[PDB]
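Taking it in order: structure first as structure tokens, then the write-up.
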Amino acid sequence: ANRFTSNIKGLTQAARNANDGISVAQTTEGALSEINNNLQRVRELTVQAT
Amino acid sequence: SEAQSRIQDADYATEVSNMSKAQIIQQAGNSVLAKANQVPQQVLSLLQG
Amino acid sequence: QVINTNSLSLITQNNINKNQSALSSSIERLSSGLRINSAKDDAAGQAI
Amino acid sequence: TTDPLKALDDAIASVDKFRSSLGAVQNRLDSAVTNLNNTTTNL
């Protein structure tokens, strides 16, 4: 039972840690989407300029 | 004048379509917002029993 | 007769947490209007 | 005043430069606002 308790606590903390990776991924994805929009407008401007 | 018309003026069909799309998006999103705001209530039911 | 563990409640919470993701996805799709709203959705659809 | 129309043309171009830079800054700030909103929600 002591080993079971240790495993349960460790796994719960592991899931808590796992959520942080999802948060980081979401933030970086939003930033990359903004960069994508900027690049798209730059491409449109270049098409107009050439 | 024709060139400036092809440059600066807007196409009314496209603008009307965009306005309609934006209006429908706003209304739908606001209804879903109302549903999401109604979501948290079941915790009160859990507490009361 | 154990009351120090109520496993039935644990199963119910697990099912509710499972449903949570689908509910959130449905709300997000309805609000945004796009089925590919993130790379987790398809991302091949997103690239194309 | 000699070559008046050239003077007016360069003045108009000089104010157009400022206007274009200002609009670019506007778009810059709007994109910054949107990214900040997304980051705040994630945090």
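Protein chains in written order, with the entry's author numbering: chain m, 51 to 100; chain f, 450 to 498; chain b, 3 to 50; chain F, 407 to 449.
Where is the CB? At the ideal position from N, CA and C, for every residue including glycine.
Checklist entry - Which two residues bound the contiguous alpha helix (DSSP H) that contains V481/f? => result To locate residue 481/f, count along the second sequence from 1; it is residue 32. From DSSP, the alpha helix (DSSP H) with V481/f extends over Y461 to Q487.
Next on the checklist: Within 10 Å of its beta-carbon, does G80/m have 16 or more other beta-carbons around it, so buried, or fewer, so exposed?
Outcome noted: Working through the first sequence from its first residue, we reach residue 80/m at position 30. With 16 or more other Cβ atoms within 10 Å, it is buried.
Item to check | Proximal residues, the segment 52-80 of chain m versus chain F, C-beta separation under 8 angstroms | outcome: For chain F, the residues of the segment 52-80 of chain m that bring a beta carbon within less than 8 angstroms of one of its beta carbons are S73, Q76, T77 and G80, in chain order.
Next on the checklist: Closer than 7 angstroms between beta carbons: that is the criterion. Which residues of the segment 459-489 of chain f meet it against chain b?
Outcome noted: Correct list: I474, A477, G478, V481 and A485.
Item to check | Under the three-state DSSP convention, the category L496/f falls into | outcome: Stepping through the second sequence from its first residue, residue 496/f is reached at position 47. Look at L496/f here: in three-state DSSP terms it is helix.
Next on the checklist: Which of the three DSSP states is assigned to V4/b in this structure?
Outcome noted: Residue mapping note: residue 4/b aligns to position 2 of the third sequence, counting from 1. If DSSP states are grouped into helix, strand and coil, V4/b belongs with coil.
Checklist entry - For the segment 29-47 of chain b, which residues have a CB atom closer than 7 angstroms to at least one CB atom of chain f, in sequence order? => result Of all residues in the segment 29-47 of chain b, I29, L32, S33 and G35 have a Cβ within less than 7 angstroms of some Cβ in chain f.
Checklist entry - How about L32/b and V488/f: do their beta carbons lie closer than 8 angstroms? => result Taking the first residue of the third sequence as position 1, residue 32/b is located at position 30. Taking the first residue of the second sequence as position 1, residue 488/f is located at position 39. No, Cβ-Cβ distance for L32/b and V488/f is not below 8 angstroms.
Checklist entry - Mind pulling the chain m residues with CB within less than 8 angstroms of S437/F? => result For the purposes of this step, residue 437/F is taken as the residue at position 31 of the fourth sequence. Under the 8 angstroms cutoff, chain m gives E84, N87 and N88.
Next on the checklist: So for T100/m, helix, strand or coil by DSSP?
Outcome noted: As a working note, residue 100/m is residue 50 in the first sequence. Here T100/m sits in coil by DSSP.
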